[PDB]
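Here the structure comes first, spelled out in structure tokens, and everything after it is commentary.
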Ligand SMILES: *[C@@H]1O[C@H](CO)[C@@H](O)[C@H](O)[C@H]1NC(C)=O
Ligand SMILES: *[C@@H]1O[C@H](CO)[C@@H](O)[C@H](O)[C@H]1NC(C)=O
Ligand SMILES: *[C@@H]1O[C@H](CO)[C@@H](O)[C@H](O)[C@H]1NC(C)=O
Ligand SMILES: *[C@@H]1O[C@H](CO)[C@@H](O)[C@H](O)[C@H]1NC(C)=O
Ligand SMILES: *[C@@H]1O[C@H](CO)[C@@H](O)[C@H](O)[C@H]1NC(C)=O
Ligand SMILES: *[C@@H]1O[C@H](CO)[C@@H](O)[C@H](O)[C@H]1NC(C)=O
Ligand SMILES: *[C@@H]1O[C@H](CO)[C@@H](O)[C@H](O)[C@H]1NC(C)=O
Ligand SMILES: *[C@@H]1O[C@H](CO)[C@@H](O)[C@H](O)[C@H]1NC(C)=O
Ligand SMILES: *[C@@H]1O[C@H](CO)[C@@H](O)[C@H](O)[C@H]1NC(C)=O
Ligand SMILES: *[C@@H]1O[C@H](CO)[C@@H](O)[C@H](O)[C@H]1NC(C)=O
Ligand SMILES: *[C@@H]1O[C@H](CO)[C@@H](O)[C@H](O)[C@H]1NC(C)=O
Ligand SMILES: *[C@@H]1O[C@H](CO)[C@@H](O)[C@H](O)[C@H]1NC(C)=O
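Protein chains in written order, with the authors' numbering: chain Z, 26 to 66, 80 to 141, 155 to 176, 186 to 245, 262 to 517, 520 to 621, 641 to 661; chain S, 515 to 517, 520 to 612; chain W, 124 to 141, 155 to 172; chain P, 955 to 1052; chain A, 1004 to 1052; chain F, 1 to 60.
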């Protein structure tokens, strides 16, 4: 809103050092020359954004201070600065916000409770043009000022003005936004911003900054910083380099997800009991765990020693799966370090089990009228079961000392008993279909399907093929690859050709455009115009344009006539 | 006492100065070794020290006196020996 | 017609040969299986 | 000249005491607080390789300049005119050079 | 070792320059007469061995 | 009695907490009557939930 052009103002002494008749380049927060500056003539809140440049118009005294802080409310302490032409008050107290704060004076004072830091100082100072630069770095708040009587009050006068530091304050809290203060009894001021921009400063005999240039504004000023001079002679100078960044970052992988069915172990009609749990080997097949997360059917999908997110990018071999029937009430027994009846005599999970347990209700299929007496379990055992062991035996328990000779008695206690799963059983007694997956680390582990991002051509695009990755432009290739190659290296171990196995079509790979940018000038005093030269780059993506055998240059017109 | 930036401590030592002698100096923040002498250059009221080329400090304004002084490294270099030959003679002349 | 890869527990034979599949001494406790 | 550029490329593949010869792997599977340790031994090795190439390049540049000056001298005498000095341009009494 | 090779090259280069100069003196001042003045011995050079 | 988790466990169940290696937790009463082999412990945010008994080890 009502932007204005800051021609040259926005410079300050970067430090308290003295330099005489020497040009020094400093990297610090600065306001770029000819940068748009917000103008208000009206007093809304403005963000800080790591440095604020302020400039008040002449013939005015409405501005009397600024308020800095993070929230300017009762939550966080905020910095308050007020000047009454005779003293400056610096409060870091707990002050509330105001709809339209102003000054009759001292109206901005909302709340002074819980004052943390207190500081008081003396005031600093056709009429004077006030310029101020405010920054907060390393917990120190620095104040700069300079009054220059000038004309053309409507806009910012041209010329030069070096801002000097006055006060250092150790505030130490983060500041994100501020608010100017006006006295009601409309003034015009400009608000700028600073960023880590590099300038070159010129020091005279008296060590006063008389002029400066920006190192990223225009090619002419680009050369000055690297040459450490203001008057670059007639010639060609290389100032910096350039390249092209990746855009899409595609990835290609093998025709995939075709392998490894799990319905035969997850959705099979028949499952074994807990006393006869099966252990089928699962290896060298591509398992997709994502579909399990959104199944919306599991009830005890718990992972031990692994997280659902991190088991896809990395995976382990030895994917033995155990399937058995467990009643709802005793599902919790199946866990590492968990003991009980089923966990002790039927299926014991060893400690540090890097796997997950998946269970879901099976009322509609794993139940029948009159009781499903088809699933059995081991109720008694002489000794605790070793973890990951299946004990298929008809030996009966020995409660007392009298041996049992196969005839059941008062101390034989035939361990094998059949479960009862009626359709009307309670939720706790419902038979929940449960499977267990174990993972441990044989080489060549097999994981889930990859990204398969769609490709792109004739663009500097990052690529991460199977095992190999790089950044370069992808284009068609006339070369022929034998059926047992995935990529090719031109010379000196440099990949230049990769065949995407999905499409089965060899493609050339080349690094995208880069090199050193050069500036052509006829002399600082002779003229001002300059031309930018790019070396060995197809002149279609660099930014009068003329293409030459040494790349294309901008700022010159081709002439058929030949001169010296 | 607990740890806002810019902590403030006990008063500084502020010892006296010496001129025209290779002497270590430790001002408020900066320190070094060199000869201190009067200077003709004038500092603006907001500088503390000055450097000329390649980050070489040469002028320091002592806060205690508010006066500007020149700083130069004291004499050093290579010492050479002049001889006319071991057999020709024995006396030698030192060269600085 | 096919190639069978057994990493199973196979015993040694005095003169293994193939009528075929005569070399099959023991396939108990199969660890890894692969067919191509 | 070709091998001097060529030999530089292989230096990128040199480990220089690091577990990997590529920057991406170092930035991926190393803890950043200690990742720079492997980088530092790699930058020094790569910097050393570049130093040799430039220094070696300068040696040849001086040799070429000496050859160029000699070629210019032969241009000055044995092309632009007749070289009275003996055995300076072709064995025997010199007449001219093309 | 880096310094030794680099120093050796510098010495090798100037020796080669000296060798070329020596070869030049052979061509003019030995195989013939050097009309150019003060190139081989002070005074009007006749010949050399 | 502070307890340290030796590894990372994932929980789907709304009754349960998320912990990682090095996390500090406070032990609660041993009234394990809701389910066998289930322990309750507090987390950094204070939320309470059932966690595996073997997921924790006695500190020393
Ligand atoms: C500055 O603002 C004017 C008007 O809003 C606009 O035309 C111009 O493009 C802006 N320039 C920059 C560099 O923001
Ligand atoms: C003041 O604010 C601090 C913020 O940390 C708080 O600890 C303290 O209790 C407060 N005291 C009063 C009197 O509001
Ligand atoms: C400022 O922000 C940083 C960024 O994380 C934070 O660490 C610090 O605690 C913040 N300090 C204040 C006073 O807001
Ligand atoms: C330096 O200051 C002196 C007096 O303070 C003045 O006479 C002289 O003109 C000034 N020179 C420059 C280049 O500012
Ligand atoms: C099993 O069937 C359910 C219901 O159709 C389905 O959501 C799930 O993906 C299936 N799982 C497998 C491994 O077939
Ligand atoms: C696999 O090849 C078929 C054959 O045309 C193709 O339709 C399909 O898109 C390919 N799949 C992938 C993932 O590339
Ligand atoms: C620019 O400076 C050069 C160098 O002194 C001089 O030869 C030339 O005439 C000057 N041109 C103008 C327009 O001042
Ligand atoms: C630059 O690229 C365009 C295609 O974008 C091509 O037509 C043109 O021939 C290229 N120029 C050179 C010099 O290769
Ligand atoms: C210069 O040469 C180009 C190429 O032949 C031709 O098209 C053009 O008409 C000529 N004249 C000018 C003024 O460019
Ligand atoms: C310090 O300031 C006082 C102020 O009166 C002055 O008298 C004294 O001379 C000053 N110290 C020095 C070393 O000049
Ligand atoms: C010293 O030795 C040198 C070298 O042999 C010789 O020229 C000179 O005459 C000698 N002087 C005396 C006094 O022996
Ligand atoms: C099969 O061999 C493994 C080898 O570790 C052994 O642990 C297991 O008990 C064996 N099982 C049978 C039935 O032979």
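Backbone N, C-alpha and C define an ideal beta-carbon position, used for all residues, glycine too.
Just checking my contact of residue i with residue j at CB under 8 Å: how many whole Å lie between their CB atoms?
i	j	result
residue 37/Z	residue 288/Z	10 Å between Cβ atoms; not a contact.
residue 204/Z	residue 193/Z	4 Å
residue 498/Z	residue 447/Z	5 Å
residue 1048/A	residue 1037/A	5 Å
residue 17/F	residue 49/F	4 Å
residue 651/Z	residue 610/Z	5 Å
residue 380/Z	residue 52/F	7 Å
residue 242/Z	residue 81/Z	5 Å
residue 315/Z	residue 517/Z	Not confirmed; about 54 Å, so no contact.
residue 427/Z	residue 413/Z	5 Å
residue 597/Z	residue 298/Z	6 Å
residue 351/Z	residue 454/Z	5 Å
residue 995/P	residue 972/P	6 Å
residue 216/Z	residue 31/Z	6 Å
Buried or exposed: which applies to residue i, given that a residue is buried once 16 or more other Cβ atoms fall within 10 Å of its Cβ?
i	result
residue 568/Z	exposed
residue 126/W	exposed
residue 531/S	exposed
residue 26/Z	exposed
residue 300/Z	buried
residue 295/Z	buried
residue 409/Z	buried
residue 162/W	exposed
residue 406/Z	buried
residue 85/Z	exposed
Using DSSP's beta-bridge definition, name the partner residues of residue i.
i	result
residue 238/Z	84/Z, 106/Z
residue 38/F	52/F
residue 436/Z	509/Z
residue 65/Z	265/Z
residue 539/S	550/S
residue 962/P	Per DSSP, none; premise fails for residue 962/P.
residue 612/Z	595/Z
residue 519/S	There are no atomic positions for residue 519/S here, as chain S continues from 517 directly to 520.
residue 42/Z	565/S
residue 288/Z	277/Z
residue 355/Z	398/Z
Margin query: Residues around ligand 3, please: the ones whose beta-carbon is closer than 6 Å to some heavy atom of it, in chain order.
Written below: 233/Z, 234/Z
Margin query: As a quick check of your reading: which residues have a C-beta less than 7 Å from at least one non-hydrogen atom of ligand 7, in chain order?
Written below: 601/Z, 603/Z, 604/Z
Next item on the list: Decide yes or no for the touch test of the segment 299 to 314 of chain Z against the segment 530 to 548 of chain Z: beta carbon pairs closer than 8 Å, at least 3 of them.
Entry: no
Checklist line | Three CB pairs or more closer than 8 Å across the segment 558 to 573 of chain S and the segment 40 to 49 of chain Z | finding: yes
Check: Counting pairs of Cβ atoms below 8 Å between the segment 496 to 510 of chain Z and the segment 434 to 447 of chain Z, do you hit three or more?
Finding: yes
Check: Counting pairs of Cβ atoms below 8 Å between the segment 601 to 610 of chain Z and the segment 296 to 307 of chain Z, do you hit three or more?
Finding: yes
Notebook entry, point to check: If we count Cβ pairs, one from each stretch, closer than 8 Å, do we get three or more for the segment 355 to 370 of chain Z versus the segment 468 to 483 of chain Z?
Noted result: no
Item checked: Test item, CB below 5 Å from any non-hydrogen atom of ligand 6 -> 331/Z, 580/Z
Check: Do three or more CB pairs link the segment 331 to 347 of chain Z to the segment 387 to 402 of chain Z at distances below 8 Å?
Finding: yes
Notebook entry, point to check: Can you find at least 3 beta carbon pairs, one from the segment 1004 to 1022 of chain P and one from the segment 980 to 989 of chain P, that sit closer than 8 Å?
Noted result: no
Next item on the list: When you get a sec, list the residues whose CB is within less than 6 Å of any heavy atom of ligand 8, chain order please.
Entry: 616/Z, 618/Z
Notebook entry, point to check: Is it a yes or a no for the segment 53 to 63 of chain Z touching the segment 226 to 238 of chain Z, going by three-plus beta-carbon pairs under 8 Å?
Noted result: no
Check: What residues sit near ligand 1, counting only those whose C-beta is closer than 5 Å to one of its heavy atoms, in chain order?
Finding: 28/Z, 61/Z
Note to self: Does the contact criterion of 3 or more C-beta pairs under 8 Å hold for the segment 25 to 42 of chain F versus the segment 1 to 10 of chain F?
What the structure shows: yes
Notebook entry, point to check: Hey, is the segment 547 to 566 of chain S in contact with the segment 651 to 661 of chain Z, meaning 3+ C-beta pairs nearer than 8 Å?
Noted result: no
Check: Who sits around ligand 4, taking every residue whose Cβ is closer than 7 Å to one of its heavy atoms?
Finding: 280/Z, 281/Z, 282/Z, 284/Z, 558/S
Notebook entry, point to check: Counting pairs of beta carbons, one from the segment 544 to 553 of chain Z and one from the segment 363 to 381 of chain Z, are three or more of them closer than 8 Å?
Noted result: no
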